[PDB]
Each structure stands twice: as C-alpha cells, then as structure tokens.
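Working notes, beginning with the structure itself.
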There are 6 protein chains.
Amino acid sequence: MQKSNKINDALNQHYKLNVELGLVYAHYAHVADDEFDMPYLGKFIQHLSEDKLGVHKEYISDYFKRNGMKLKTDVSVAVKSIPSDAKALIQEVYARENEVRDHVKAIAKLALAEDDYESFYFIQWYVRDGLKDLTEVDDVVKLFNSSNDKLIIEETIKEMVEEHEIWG
Amino acid sequence: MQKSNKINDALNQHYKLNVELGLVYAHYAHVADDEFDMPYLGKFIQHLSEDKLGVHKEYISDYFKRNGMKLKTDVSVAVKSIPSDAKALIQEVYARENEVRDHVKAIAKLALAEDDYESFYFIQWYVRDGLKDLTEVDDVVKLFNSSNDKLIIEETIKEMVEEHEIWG
Amino acid sequence: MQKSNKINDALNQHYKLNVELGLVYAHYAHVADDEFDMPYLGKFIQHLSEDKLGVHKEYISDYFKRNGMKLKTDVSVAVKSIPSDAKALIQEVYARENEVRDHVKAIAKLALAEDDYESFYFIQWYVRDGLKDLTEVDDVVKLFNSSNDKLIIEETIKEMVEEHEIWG
Amino acid sequence: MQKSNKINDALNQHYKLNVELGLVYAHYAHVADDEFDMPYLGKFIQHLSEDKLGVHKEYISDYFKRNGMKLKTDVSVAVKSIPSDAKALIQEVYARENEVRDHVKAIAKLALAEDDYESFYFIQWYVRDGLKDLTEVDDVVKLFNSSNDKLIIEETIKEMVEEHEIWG
Amino acid sequence: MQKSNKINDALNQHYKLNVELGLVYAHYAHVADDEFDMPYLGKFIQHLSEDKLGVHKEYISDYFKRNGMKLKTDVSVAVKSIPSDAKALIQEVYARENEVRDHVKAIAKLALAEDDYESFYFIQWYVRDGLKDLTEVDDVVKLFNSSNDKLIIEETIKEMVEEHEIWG
Amino acid sequence: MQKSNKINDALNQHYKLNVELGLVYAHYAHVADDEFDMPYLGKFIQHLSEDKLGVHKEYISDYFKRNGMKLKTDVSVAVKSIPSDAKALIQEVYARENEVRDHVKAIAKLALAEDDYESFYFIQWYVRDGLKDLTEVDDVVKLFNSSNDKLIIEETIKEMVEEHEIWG
Ligand SMILES: [Cl-]
Ligand SMILES: [Cl-]
Ligand SMILES: [Cl-]
Ligand SMILES: [Cl-]
Ligand SMILES: [Cl-]
Ligand SMILES: [Cl-]
Ligand SMILES: [Cl-]
Ligand SMILES: [Cl-]
Ligand SMILES: [Cl-]
Ligand SMILES: [Cl-]
Ligand SMILES: [Cl-]
Ligand SMILES: [Cl-]
Ligand SMILES: [Cl-]
Ligand SMILES: [Cl-]
Ligand SMILES: [Cl-]
Ligand SMILES: [Cl-]
Ligand SMILES: [Cl-]
Ligand SMILES: [Cl-]
Ligand SMILES: [Cl-]
Ligand SMILES: [Cl-]
Ligand SMILES: [Cl-]
Ligand SMILES: [Cl-]
Ligand SMILES: [Cl-]
Ligand SMILES: [Cl-]
Ligand SMILES: [Fe+3]
Ligand SMILES: [Fe+3]
Ligand SMILES: [Fe+3]
Ligand SMILES: [Fe+3]
Ligand SMILES: [Fe+3]
Ligand SMILES: [Fe+3]
Ligand SMILES: [Fe+3]
Ligand SMILES: [Fe+3]
Ligand SMILES: [Fe+3]
Ligand SMILES: [Fe+3]
Ligand SMILES: [Fe+3]
Ligand SMILES: [Fe+3]
Ligand SMILES: [Fe+3]
Ligand SMILES: [Fe+3]
Ligand SMILES: [Fe+3]
Ligand SMILES: [Fe+3]
Ligand SMILES: [Fe+3]
Ligand SMILES: [Fe+3]
Ligand SMILES: [Fe+3]
Ligand SMILES: [Fe+3]
Ligand SMILES: [Fe+3]
Ligand SMILES: [Fe+3]
Ligand SMILES: [Fe+3]
Ligand SMILES: [Fe+3]
Ligand SMILES: [Fe+3]
Ligand SMILES: [Fe+3]
Ligand SMILES: [Fe+3]
Ligand SMILES: [Fe+3]
Ligand SMILES: [Fe+3]
Ligand SMILES: [Fe+3]
Ligand SMILES: [Fe+3]
Ligand SMILES: [Fe+3]
Ligand SMILES: [Fe+3]
Ligand SMILES: [Fe+3]
Ligand SMILES: [Fe+3]
Ligand SMILES: [Fe+3]
Ligand SMILES: [Fe+3]
Ligand SMILES: [Fe+3]
Ligand SMILES: [Fe+3]
Ligand SMILES: [Fe+3]
Ligand SMILES: [Fe+3]
Ligand SMILES: [Fe+3]
Ligand SMILES: [Fe+3]
Ligand SMILES: [Fe+3]
Ligand SMILES: [Fe+3]
Ligand SMILES: [Fe+3]
Ligand SMILES: [Fe+3]
Ligand SMILES: [Fe+3]
Ligand SMILES: [Fe+3]
Ligand SMILES: [Fe+3]
Ligand SMILES: [Fe+3]
Ligand SMILES: [Fe+3]
Ligand SMILES: [Fe+3]
Ligand SMILES: [Fe+3]
Ligand SMILES: [Fe+3]
Ligand SMILES: [Fe+3]
Ligand SMILES: [Fe+3]
Ligand SMILES: [Fe+3]
Ligand SMILES: [Fe+3]
Ligand SMILES: [Fe+3]
Ligand SMILES: [Mg+2]
Ligand SMILES: [Mg+2]
Ligand SMILES: [Mg+2]
Ligand SMILES: [Mg+2]
Ligand SMILES: [Mg+2]
Ligand SMILES: [Mg+2]
C-alpha cells in the first residue's frame, strides 16, 4: 500500500493552486467592493476565497496524514494587474475555475492509471466541486449580460449569497 | 485627509506577514499531528493559521476600503525545513509571534509620527492581539517544560482549545 | 489635574459643529424626500442628523461635567442654498463628514501635545466614528454612480437603514 | 388648495423657536447637573430639549412636505447668561413655555382667519402640547417652593421622569 | 521586545497605591457606618476598596505575567487619623482619586516616551477608570452640599449602589 | 458589657495578619503561574488571598461595629524572597496556615479567660476555618509528593478549584 509519488506531486500542486487562487480572490473581492462599488460581488468572491483556502486545501492535508504522503508548502503569488471592470473580474474567476476542472481531471486520470483507488475516491469530491463552483460563478457572470445596472446585479447577487442531490 | 503612503506600505507589509505566517502555521499544524503525533497541538496551530489568514488580513483590507489606501498582494513563502520536534515547533511559533509585536509597534509609532490617528486607532487592535496571541502560544510552550509525556501535554492542550477585559 | 483651555475650546467647537451639521442635515433630509422624491435617502440623512444632535454633542457635555470644562452654546446656521440634485446632496454630506475627520485629528493631536490622556481617550470614539460615518455616507454616494434610476437607488438605501469589530 | 404664505411664515418661526429652545434647554440641563448638582432636574430638561428638537420640529417639516410649504432653516442662539440657581432655571423654562402657548394661539387664530382648516387641525396638537409641557414644567417649579432641600426635590423629580385623555 | 524598566517601576508603584488605598478605604468604610452612622456611604467606600484591591491590582499582575515584568510587593500603610465627619471623609477620598488620575497620566506619558504601545494600550483602562471612579466619588460629595440631613443623603446613596459608552 | 481591650488588641492583630497574608498570597499566586508555570496552583492561592482579604478581615470589622471595639489599620508587608519551587511555595503557605491556627487558639483562650462569650462565639468561625483552610492547602501539598509531573499536579488542582457538615 505504498503511496504514489506522482499522485503526491499532483495533489501538492492542487494545494498550491488553491492557496494562490484564494489569495487572488481575496484581492479581487476587495476590488469589487472598493473600486467597482459592488459589495455583494465581493462577498461572493470572498466566500470563494475562503473555500479555496479552507476545505480545498485542508482535505489534501488530511488525506496526506492518512496515507503517508508529504505536504509541501511553496507559494508564490502576486496580483500585478486587475481586470478593468466587474464583468471582467468575474470572467477571470470563471476561467480560473474552468482550469480547476481540467486539473482535477488529470488527477483522476492519474489515479486510475496508478490503480490508486483511495485517491480516485478522494478526488471525486473535487470532481463534483469543480462543476459546483464553476456553476456558482457562471450564475453571476450571466447577470452582467442580463442587466446594465450595477445595482440590479448587486440586488440579484445578494439573494445568491443568502445542496443539489448530485452536485453538492 | 489624504492617506499616508508610509502607513499604506507598512500595513501592506503586515498583510503579507499574516498571509505567510498562516500558511507556515498550516504546514506546522499538519506536522504536529502527522509526524509528531500531536493532534491537539495541531488544532492550536491551525486555529492560529486561520486567525492570521482571516481577521488579521481582513481588517487591513476593510480599512483600506474605507480610507483610500491600496491593497497589494505579493506573497512568497516556502517551508523548506521543519523543526525537529514539537517543542521546537511551538518555540518557533513563539519567536514569530514576538516579531509580530515588534512590527506592530513600529506601525503605531509611525502613525503617531504621521499624525494618522485613525491608523493609530485601527492598530490598537493589533497591539492588543500581539500580546494575546503571544500569551496563548506561551501557554503551550510551557507545557513542554512541565511534562516529558506527549499525552499529558496533549490532554492539557485539548482543554485550552475547548475574553480578558483588556487583552481580548 | 487642571483642565486644558485649548482642549476646552476645541471641544466646544466640535459641539457647535455637530449641532449645526445636524440642523443642516435635517433640512437636507426634508429636501431629499420632498423635492428629490427620495424618502429613504431622507431617512438616512435624518438618522445622521439625530446622531450629530444627540450622542455627538452629549458626550462632550458629559465629559465636561466630569472634568470641569465649561460648555458653551453659540449656534449660528442658515441653509441658504440647496444642492441641485440628490447626488450632490449626498456629496455635500460627504465633504462635511471628511471635514469632521480633519477636526477630530486636530483634537487628538492637541491632546497629546497637552498630555491630556483623558481627552485623548475620550476622542478615540470620535476618531473611530469619523471613519464610520464617512463610510456610511460613502456607501450611499456610490449608488448614484451605479444606477441612473432613482427607485433602484431608493430600494438599495432602504436595505441600508434596515457593528464592525473595530469601526463600531 | 394653495398654501398660505402667512401660515408658512408662522410655522417656520415655530420651527426656529423649537430648535433654539431645545438648544438652550440642553445647556440648562447640563448646568442643572453640573453646577447645581441636580441630575434629575437635568434629565427633565434634557427630555424637554429632545422633545423640542424632535417631534415639535419634525411635524412641521412633515406637514410642509405634504402641503407645499417651504421649510426654512435660520438658527441663531447663544446662552450668554445662566440663571443663578435651580429655582430660577426652571422658572425661566416656565416663562419660555408660556410664551410657546402665546405663539401657538396666534397660529391657530391665523389659520382660522385664513380658512386653512388643515393648518387649524395640524396645530391642535401644539395647542394641547402647549398646556401639557407647561404643566410638566409647573410641577417641577412647585417643588422648589415646597422644600428647601435639594435632595428631596431631586427624589421627587426622579419619580416624575420614571397620557391624560385630553392633554396627552 | 524587551520590557521597559521605567514602566515596570511605575506600574509596581501603581500596584502599591491601589493596595494601600483600598486598605484605607476599608477603614474609612468602617468609620462611615460605625462612627458617622452612615452605612450606605460605607458600602460605597467598601466597593471602592474592593475595586482597588481587586481588578486594579490584578490587571497589573496579569500584564506582568504576559510581558516579563516583575511584580514587587512592598506595602506600608497606617491610618493614623480619621477625618472629622462624613463630608470630609468623602472629600479625602476625592482627593486621593484625583491623585490617581495624575499618576495614570504619568504612566501614559512614559509609555509613549518609551514607545511601549502595549503599555499605552494597557493603561487606557486606567485612564478611563480614573475619571469614572472620580465621578462616582464626586456624585456622593455633592450630596453633602445639597442636604444637611444625614438620612436624606443616606437614602440617595443607597440608590447609587443599587456602563457609560465611553467611561465604562 | 464593656469591651475587652485585650480581645480588641488580639483581633486587630488578626486583621493585620489576614491582610498581610493575603497580599503575600497574591504575589505567590503570580509566581506560581508565571515562574513555576502552574496556573491552577495560582488560582488556588489567589482564592486564598481573596479569602484572607475578604471575609476574614470583614468579619472582624463588622464585629467591631457591633461591640465598640476599635479597628486599627497598620499594615507592613514585603515579599523579599520567593520560594525556589512550587512545592516549597505551597509548603510555605501551609506553615503560615498552621500558624493561623495557633493564633486563633490564643484568641479563644483569651475570650474564655476574659468571660467574653460573644467573642468566644465569634471566633468559633475562625477555629473551624483554621482547620478547613489548612486542609485545603494540605491537599495540594500532597500532590507534589504523589507525582513528579507538573501537568498531572495541575490537572488534579483544577478539579479542586472547580461544605463539610462540621468544617464548612
Ligand atoms: Cl513579481
Ligand atoms: Cl465596474
Ligand atoms: Cl474560460
Ligand atoms: Cl495519467
Ligand atoms: Cl525556494
Ligand atoms: Cl515530538
Ligand atoms: Cl523569541
Ligand atoms: Cl516612526
Ligand atoms: Cl444669513
Ligand atoms: Cl434628484
Ligand atoms: Cl470631500
Ligand atoms: Cl497640536
Ligand atoms: Cl452673541
Ligand atoms: Cl441651586
Ligand atoms: Cl411666565
Ligand atoms: Cl390672525
Ligand atoms: Cl506608623
Ligand atoms: Cl458625620
Ligand atoms: Cl482634590
Ligand atoms: Cl515621561
Ligand atoms: Cl523591607
Ligand atoms: Cl516549580
Ligand atoms: Cl508547618
Ligand atoms: Cl489567655
Ligand atoms: Fe461596505
Ligand atoms: Fe458555497
Ligand atoms: Fe467591459
Ligand atoms: Fe468549492
Ligand atoms: Fe430584492
Ligand atoms: Fe430572499
Ligand atoms: Fe433576503
Ligand atoms: Fe427576496
Ligand atoms: Fe429581496
Ligand atoms: Fe429568499
Ligand atoms: Fe487525527
Ligand atoms: Fe483565539
Ligand atoms: Fe528537543
Ligand atoms: Fe490573533
Ligand atoms: Fe482530562
Ligand atoms: Fe473541560
Ligand atoms: Fe472537556
Ligand atoms: Fe476537563
Ligand atoms: Fe478533561
Ligand atoms: Fe472545562
Ligand atoms: Fe413620505
Ligand atoms: Fe448609525
Ligand atoms: Fe447632477
Ligand atoms: Fe456618528
Ligand atoms: Fe428589494
Ligand atoms: Fe432585507
Ligand atoms: Fe427588508
Ligand atoms: Fe431584502
Ligand atoms: Fe428587499
Ligand atoms: Fe435583510
Ligand atoms: Fe451624573
Ligand atoms: Fe414628555
Ligand atoms: Fe433664589
Ligand atoms: Fe412637547
Ligand atoms: Fe423615593
Ligand atoms: Fe416609583
Ligand atoms: Fe422608582
Ligand atoms: Fe417610588
Ligand atoms: Fe421611590
Ligand atoms: Fe412608581
Ligand atoms: Fe449595619
Ligand atoms: Fe463600580
Ligand atoms: Fe464639617
Ligand atoms: Fe475603578
Ligand atoms: Fe427612596
Ligand atoms: Fe430604586
Ligand atoms: Fe431601590
Ligand atoms: Fe427608588
Ligand atoms: Fe427608593
Ligand atoms: Fe431604581
Ligand atoms: Fe494564563
Ligand atoms: Fe474556599
Ligand atoms: Fe524542591
Ligand atoms: Fe478561610
Ligand atoms: Fe482531567
Ligand atoms: Fe470534574
Ligand atoms: Fe471539570
Ligand atoms: Fe473531571
Ligand atoms: Fe477532568
Ligand atoms: Fe467533577
Ligand atoms: Mg490498468
Ligand atoms: Mg508630532
Ligand atoms: Mg510631549
Ligand atoms: Mg371668516
Ligand atoms: Mg518618540
Ligand atoms: Mg473563669
């Protein structure tokens, strides 16, 4: 029952992505409220920041404790440019969440290639959450194409931040 | 009522410290439970990680929204070596918390030098919390000098993780 | 423990400002609802009027009772011109609240220059409230730049008038 | 249904009286507790200050919103001399409240002279309150003629500040 | 983050003052009830004795535990003369409480001179309480100038011994 | 029914002992937690400090009020040396409590020699409490001879600080 080093590597990479994405999202949330005058969009992005810097990373660490895998902490992130407006901020978040889905697929494929069924089981959570988080972000992006009034959008977002049988 | 760039710089530096310290503490918490077989010490360090990556950073961002100061996100951290044992892990945390106190003092001094009384008010929270957090860490360090049995220490720590009128 | 006459003067000046600002705000609230057809903006300005003519002045009087300082009542205010629209009404309120912050800073500086630490303690409330009140006003100003529909703005304001750990 | 300019003038004058009387009463309340060592008399005068700077002025503004009358804000008040003792302080309040009654009578007379029955209806509140407020003040004045002991008077006043079918 | 020896000295001095003042107040409370036949005045002075020998001293000790400062216990007090009457007993208490305020100011000044912002934070409690305790004592002193009947005064004091947003 | 001057003297001496012992115990409690890293032992000694500086002294003062005896306040205490360890700290407390018992016996003997049966009745409380307090202290001393692990002792003490039909 020796741990897979490839899976160990891939999951340390996912830990990093989650840490760094959450830090970018914290800045993006600040910018939503401060510069773009959209506090509820900020609360949405802040809640996603906390999701990435919380359970998304913690489950990897917990799993590692259980199987012998080593946790690595190497984090480098800088927000050097901000999107121009709020539509583009949420569109950037979307693209980053679609990339999460790609990364998770690769891990699942690797687990099966490695006959690591515990790792294939563990990553099902992230397979499901990849679509859940993408859908939540997609719901907000759409509002920017349904209304040209920031305060309507803001009112719709505040009802969003106030489980599906499959997608959680 | 123009914002101080020195104070802006100093507080962006404190944001970074908090982010990075919290990430080191997350790794240290993992190591406490996994390698040093001390789960309750890990819960203590995890709760401190979440304090640093939460309110400690968020208050700076909130303050910036209110005053015009710019938030910067530039984070670089790597855990390249781990302390040898649990005593030394909590002693490293202590040293890092004593350095927090030094950094906070400098900000308070600067605020007064700048006649930025809103910033002197805002940092009182961190002045107080510098001693509070240091004391919490100090209480754990002491246990390692009061007992040579990991499980006694663990039992004492679990009652610690289950407000002072001045120190919060 | 003799009272500072400079601090006495400065705080009698702050009492006057608060009385007079509250009276201007009462008129401005009336104008918001009557002429600009924005009743919820009026309730916001009325609540700020009552804040200025209440606790803001009362705490100064209470403090004076406790320390020997003399209260002076000399009030002169006339609303001779009204802003053209609602955006400009809330922008005028903003400017007047930013000036409050300047005045409070001066008092805090003076207290420290005078070694009047009771007065430096007493004014911390106003240091904090200077930013709190400015932020509340800033939140409303922003709405006028996020929507060109008075009734959307009105709906957003009514959820605002229906404590932060630092800013109160 | 065009608004009466005479009634508009008279009611803007009553608004001013109420604002200014309330400000004098706030100072007088401070003096009662601080200099005359009578805190409960101060609470009585403070409650009358808040009555004058609250409902007494607000109803005029509300009425104006409803009928087209213009609100004017021109306030000038200075407390340049204080009565010598507490008896005389409450006797001054009395005289000022008896003058309120005269002013209200004039408004009622004018409304009838103008065939402004909405204004005659609106001022009935102030006709009634003119006697109510005068009676409350009269009850306190009497105590100063019933006892030569400040603390007896104070004890009687504190039970006063802890509706008649006609007088409200 | 080395502790200030001057601040250590000054706070050991404040500990002593509090211990000794509380012991004088215990005797003074006894004298109020026994010799001056004023039991409620005694309960007031006893509650102040317990305040000085409790939180006032304990917070200093707690603070010392947290920062490395050394507690010293050197106490010398003797009540060799008693004031002649009750008015003078409460007037002596007043003078001793006004001196507390002077001593606390000096500590705050020293903390700022020393750039000891933790100590400046810790002493804010005592800055505030210096005025609070003085005001409580002042309220009783006044009664002796408002009535020449011990039992009226006693009745007023018993309602006093049966938080302000700023002064606690 | 004239009061005994010998009993008056002896009870003024017991008042002094209680005041001074309580002050030594407050320092000893501080040392237990700070230097000896034993917070629960400190809470035990702090509770004994408060017992001595509270009821133990107050009952003497109350008794004096009732019988004509004069209270004297002459207090001199300095903690010039601290015991080396925690065992010795609690052993010093023990010795001081055994001496309390001797002193109380003398008072009881004197009361009977003086035919002061009210004083013999009053001191029964202290006769009983002499053994009660000694037993409480004895229970802690024993722990230091039952375990060589500070944290076991600490855990046992914390269940002690979380009435016998005879001994109270
Ligand atoms: Cl870079
Ligand atoms: Cl935007
Ligand atoms: Cl995409
Ligand atoms: Cl693969
Ligand atoms: Cl590296
Ligand atoms: Cl270990
Ligand atoms: Cl260190
Ligand atoms: Cl500086
Ligand atoms: Cl004018
Ligand atoms: Cl408008
Ligand atoms: Cl402005
Ligand atoms: Cl200045
Ligand atoms: Cl004038
Ligand atoms: Cl008077
Ligand atoms: Cl009259
Ligand atoms: Cl007429
Ligand atoms: Cl002497
Ligand atoms: Cl007397
Ligand atoms: Cl004095
Ligand atoms: Cl100094
Ligand atoms: Cl000595
Ligand atoms: Cl020890
Ligand atoms: Cl012994
Ligand atoms: Cl004998
Ligand atoms: Fe906001
Ligand atoms: Fe969610
Ligand atoms: Fe765009
Ligand atoms: Fe998620
Ligand atoms: Fe809605
Ligand atoms: Fe809803
Ligand atoms: Fe809702
Ligand atoms: Fe809804
Ligand atoms: Fe809704
Ligand atoms: Fe709903
Ligand atoms: Fe576990
Ligand atoms: Fe905590
Ligand atoms: Fe070691
Ligand atoms: Fe903290
Ligand atoms: Fe246990
Ligand atoms: Fe427990
Ligand atoms: Fe438990
Ligand atoms: Fe327990
Ligand atoms: Fe337990
Ligand atoms: Fe418990
Ligand atoms: Fe309306
Ligand atoms: Fe408010
Ligand atoms: Fe405009
Ligand atoms: Fe305010
Ligand atoms: Fe709505
Ligand atoms: Fe709502
Ligand atoms: Fe609602
Ligand atoms: Fe709603
Ligand atoms: Fe709604
Ligand atoms: Fe709501
Ligand atoms: Fe008062
Ligand atoms: Fe009333
Ligand atoms: Fe007179
Ligand atoms: Fe009225
Ligand atoms: Fe009564
Ligand atoms: Fe009653
Ligand atoms: Fe009552
Ligand atoms: Fe009653
Ligand atoms: Fe009563
Ligand atoms: Fe009653
Ligand atoms: Fe009694
Ligand atoms: Fe109190
Ligand atoms: Fe006298
Ligand atoms: Fe106090
Ligand atoms: Fe009564
Ligand atoms: Fe009562
Ligand atoms: Fe009562
Ligand atoms: Fe009562
Ligand atoms: Fe009563
Ligand atoms: Fe009551
Ligand atoms: Fe502790
Ligand atoms: Fe006990
Ligand atoms: Fe030993
Ligand atoms: Fe006892
Ligand atoms: Fe236990
Ligand atoms: Fe238990
Ligand atoms: Fe328990
Ligand atoms: Fe238990
Ligand atoms: Fe237990
Ligand atoms: Fe139990
Ligand atoms: Mg295969
Ligand atoms: Mg300067
Ligand atoms: Mg200076
Ligand atoms: Mg007619
Ligand atoms: Mg300096
Ligand atoms: Mg015999």
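FYI, nothing fancy with the structure tokens labels: chains A, B, ... in order, residues from 1 per chain, ligands from 1 as they appear.
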Taking only C-alpha atoms and all ligand atoms and a cut-off of 6 Å, can you tell me which residues surround ligand 58, written as a PyMOL selection string?
chain D and resi 51+129+133
Strand (DSSP E) residues, from DSSP on the backbone, in chain F, as a ChimeraX atom specification
/F:74-78
Can I get the selection written as a CSV table (one decimal), in the first residue's frame, with N, CA, C and O atoms?
chain,number,residue,atom,x,y,z
F,74,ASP,N,-2.8,49.1,60.5
F,74,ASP,CA,-1.4,49.3,60.4
F,74,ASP,C,-0.8,48.1,59.7
F,74,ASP,O,-0.7,47.0,60.2
F,75,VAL,N,-0.4,48.3,58.4
F,75,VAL,CA,0.0,47.2,57.6
F,75,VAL,C,1.4,47.3,57.0
F,75,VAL,O,1.7,48.3,56.4
F,76,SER,N,2.2,46.4,57.3
F,76,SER,CA,3.6,46.4,56.7
F,76,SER,C,3.9,45.0,56.2
F,76,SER,O,4.2,44.1,56.9
F,77,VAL,N,4.1,44.9,54.9
F,77,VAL,CA,4.5,43.6,54.3
F,77,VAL,C,5.3,43.8,53.0
F,77,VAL,O,5.0,44.6,52.2
F,78,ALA,N,6.4,43.0,53.0
F,78,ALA,CA,7.2,42.9,51.8
F,78,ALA,C,7.6,41.6,51.4
F,78,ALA,O,8.0,40.8,52.3
Produce as an NGL selection string the set of residues near ligand 44, where near means within 12 Å with only C-alpha atoms and all ligand atoms considered.
(:B and (155-162)) or (:F and (155 or 158-159 or 161-162))
Selected residues, N, CA, C and O atoms, written as a short mmCIF file (atom, residue, chain, number, x, y, z; two decimals), in the first residue's frame, please.
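Listed below is the output, result.cif:
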data_model
loop_
_atom_site.label_atom_id
_atom_site.label_comp_id
_atom_site.auth_asym_id
_atom_site.auth_seq_id
_atom_site.Cartn_x
_atom_site.Cartn_y
_atom_site.Cartn_z
N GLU B 155 -3.31 16.23 26.44
CA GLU B 155 -4.53 16.39 27.23
C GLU B 155 -4.67 17.82 27.75
O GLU B 155 -5.78 18.35 27.82
N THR B 156 -3.57 18.45 28.14
CA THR B 156 -3.66 19.84 28.59
C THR B 156 -4.02 20.77 27.43
O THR B 156 -4.76 21.74 27.62
N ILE B 157 -3.51 20.49 26.23
CA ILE B 157 -3.79 21.37 25.10
C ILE B 157 -5.25 21.27 24.70
O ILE B 157 -5.86 22.26 24.28
N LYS B 158 -5.85 20.07 24.82
CA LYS B 158 -7.23 19.93 24.38
C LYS B 158 -8.20 20.68 25.28
O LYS B 158 -9.28 21.07 24.82
N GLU B 159 -7.84 20.93 26.54
CA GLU B 159 -8.66 21.81 27.35
C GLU B 159 -8.43 23.28 27.03
O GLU B 159 -9.30 24.11 27.32
N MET B 160 -7.30 23.62 26.42
CA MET B 160 -7.07 25.00 26.02
C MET B 160 -7.91 25.37 24.80
O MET B 160 -8.45 26.48 24.74
N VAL B 161 -8.02 24.47 23.82
CA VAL B 161 -8.78 24.77 22.61
C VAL B 161 -10.27 24.54 22.78
O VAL B 161 -11.05 24.88 21.88
N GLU B 162 -10.71 23.99 23.92
CA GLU B 162 -12.15 23.92 24.22
C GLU B 162 -12.54 25.22 24.92
O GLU B 162 -12.68 25.31 26.15
N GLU F 155 -3.49 19.26 36.62
CA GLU F 155 -4.80 18.70 36.31
C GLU F 155 -5.57 18.32 37.58
O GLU F 155 -6.79 18.49 37.65
N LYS F 158 -6.93 21.59 39.19
CA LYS F 158 -8.04 22.24 38.52
C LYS F 158 -9.38 21.59 38.86
O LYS F 158 -10.42 22.26 38.80
N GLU F 159 -9.38 20.31 39.24
CA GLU F 159 -10.61 19.72 39.74
C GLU F 159 -10.89 20.12 41.19
O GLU F 159 -12.04 20.04 41.63
N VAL F 161 -10.35 23.29 42.41
CA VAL F 161 -10.93 24.64 42.39
C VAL F 161 -12.23 24.70 41.60
O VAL F 161 -12.90 25.75 41.61
N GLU F 162 -12.64 23.62 40.94
CA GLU F 162 -13.97 23.57 40.34
C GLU F 162 -14.95 23.04 41.40
O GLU F 162 -15.34 21.87 41.44
#
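Using only C-alpha atoms and all ligand atoms, residues with at least one atom at most 6 Å away from any atom of ligand 7 are residues 94, 95 and 98 of chain B.
Residues surrounding residue 97 of chain B within 10 Å are residues 21, 91, 92, 93, 94, 95, 99, 100, 101, 102, 103, 130, 131, 132, 133, 134, 135, 137 and 138 of chain B [only C-alpha atoms; sequence separation below 2 positions excluded].
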Hey, list the chain E side of the contact with chain B: 10 Å cut-off, only C-alpha atoms, answer as a ChimeraX atom specification.
/E:1-2,55,59,62-63,65-67,112,115-125
Please produce an output containing C-alpha atoms for each residue in the selection, written as a PDB file, in the first residue's frame.
ATOM      1  CA  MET E   1      10.539  43.345  22.613  1.00  0.00           C
ATOM      2  CA  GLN E   2      12.375  43.872  25.902  1.00  0.00           C
ATOM      3  CA  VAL E  55      -9.041  44.465  39.367  1.00  0.00           C
ATOM      4  CA  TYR E  59      -4.559  43.624  35.841  1.00  0.00           C
ATOM      5  CA  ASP E  62      -1.647  39.744  34.721  1.00  0.00           C
ATOM      6  CA  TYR E  63       0.107  42.145  32.454  1.00  0.00           C
ATOM      7  CA  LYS E  65       2.920  37.709  33.543  1.00  0.00           C
ATOM      8  CA  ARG E  66       2.469  38.374  29.924  1.00  0.00           C
ATOM      9  CA  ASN E  67       5.432  40.636  29.309  1.00  0.00           C
ATOM     10  CA  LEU E 112       4.696  56.991  24.778  1.00  0.00           C
ATOM     11  CA  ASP E 115       7.489  53.627  22.580  1.00  0.00           C
ATOM     12  CA  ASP E 116       5.775  50.972  24.690  1.00  0.00           C
ATOM     13  CA  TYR E 117       2.495  50.790  22.854  1.00  0.00           C
ATOM     14  CA  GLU E 118       1.339  47.645  24.662  1.00  0.00           C
ATOM     15  CA  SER E 119       1.757  49.594  27.908  1.00  0.00           C
ATOM     16  CA  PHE E 120      -0.011  52.610  26.418  1.00  0.00           C
ATOM     17  CA  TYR E 121      -2.861  50.280  25.427  1.00  0.00           C
ATOM     18  CA  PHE E 122      -2.975  48.576  28.829  1.00  0.00           C
ATOM     19  CA  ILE E 123      -3.138  51.910  30.704  1.00  0.00           C
ATOM     20  CA  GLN E 124      -6.072  53.244  28.665  1.00  0.00           C
ATOM     21  CA  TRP E 125      -8.239  51.186  31.028  1.00  0.00           C
TER      22      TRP E 125
END
Residues at most 9 Å from ligand 18, using only C-alpha atoms and all ligand atoms? Could they come as number ranges by chain?
E: 32, 35-38, 84-89, 150
Save the residues we just selected, N, CA and C atoms, as a PDB file, in the first residue's frame?
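What follows is the written file selection.pdb:
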ATOM      1  N   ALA E  32     -17.436  55.199  58.442  1.00  0.00           N
ATOM      2  CA  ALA E  32     -18.656  55.754  57.963  1.00  0.00           C
ATOM      3  C   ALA E  32     -19.883  55.157  58.597  1.00  0.00           C
ATOM      4  N   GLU E  35     -18.969  55.134  63.193  1.00  0.00           N
ATOM      5  CA  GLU E  35     -18.912  56.394  63.864  1.00  0.00           C
ATOM      6  C   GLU E  35     -19.807  57.456  63.273  1.00  0.00           C
ATOM      7  N   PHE E  36     -19.959  57.477  61.971  1.00  0.00           N
ATOM      8  CA  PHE E  36     -20.721  58.536  61.345  1.00  0.00           C
ATOM      9  C   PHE E  36     -22.114  58.079  61.058  1.00  0.00           C
ATOM     10  N   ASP E  37     -22.430  56.862  61.439  1.00  0.00           N
ATOM     11  CA  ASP E  37     -23.768  56.325  61.289  1.00  0.00           C
ATOM     12  C   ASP E  37     -24.310  56.389  59.901  1.00  0.00           C
ATOM     13  N   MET E  38     -23.462  56.107  58.935  1.00  0.00           N
ATOM     14  CA  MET E  38     -23.846  56.139  57.551  1.00  0.00           C
ATOM     15  C   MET E  38     -23.474  54.865  56.818  1.00  0.00           C
ATOM     16  N   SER E  84     -12.832  64.229  60.375  1.00  0.00           N
ATOM     17  CA  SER E  84     -13.801  64.575  61.400  1.00  0.00           C
ATOM     18  C   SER E  84     -15.233  64.234  61.190  1.00  0.00           C
ATOM     19  N   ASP E  85     -15.654  64.215  59.957  1.00  0.00           N
ATOM     20  CA  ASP E  85     -17.017  63.955  59.661  1.00  0.00           C
ATOM     21  C   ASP E  85     -17.104  63.240  58.356  1.00  0.00           C
ATOM     22  N   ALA E  86     -18.308  62.953  57.927  1.00  0.00           N
ATOM     23  CA  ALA E  86     -18.516  62.228  56.717  1.00  0.00           C
ATOM     24  C   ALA E  86     -18.261  62.998  55.459  1.00  0.00           C
ATOM     25  N   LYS E  87     -18.524  64.283  55.474  1.00  0.00           N
ATOM     26  CA  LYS E  87     -18.232  65.119  54.344  1.00  0.00           C
ATOM     27  C   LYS E  87     -16.774  65.114  54.060  1.00  0.00           C
ATOM     28  N   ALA E  88     -15.988  65.285  55.083  1.00  0.00           N
ATOM     29  CA  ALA E  88     -14.575  65.277  54.928  1.00  0.00           C
ATOM     30  C   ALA E  88     -13.984  63.919  54.600  1.00  0.00           C
ATOM     31  N   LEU E  89     -14.659  62.851  54.949  1.00  0.00           N
ATOM     32  CA  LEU E  89     -14.201  61.536  54.601  1.00  0.00           C
ATOM     33  C   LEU E  89     -14.311  61.314  53.126  1.00  0.00           C
ATOM     34  N   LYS E 150     -28.472  63.770  57.283  1.00  0.00           N
ATOM     35  CA  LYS E 150     -27.718  62.548  57.017  1.00  0.00           C
ATOM     36  C   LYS E 150     -28.582  61.467  56.383  1.00  0.00           C
TER      37      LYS E 150
END
Counting only C-alpha atoms, figure out which residue out of E:53, E:5, E:107, E:90 gets nearest to residue 142 of chain E.
E:90
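Reported to one decimal place, the separation of atom CA of residue 25 of chain E from atom CA of residue 96 of chain E is 10.4 Å.
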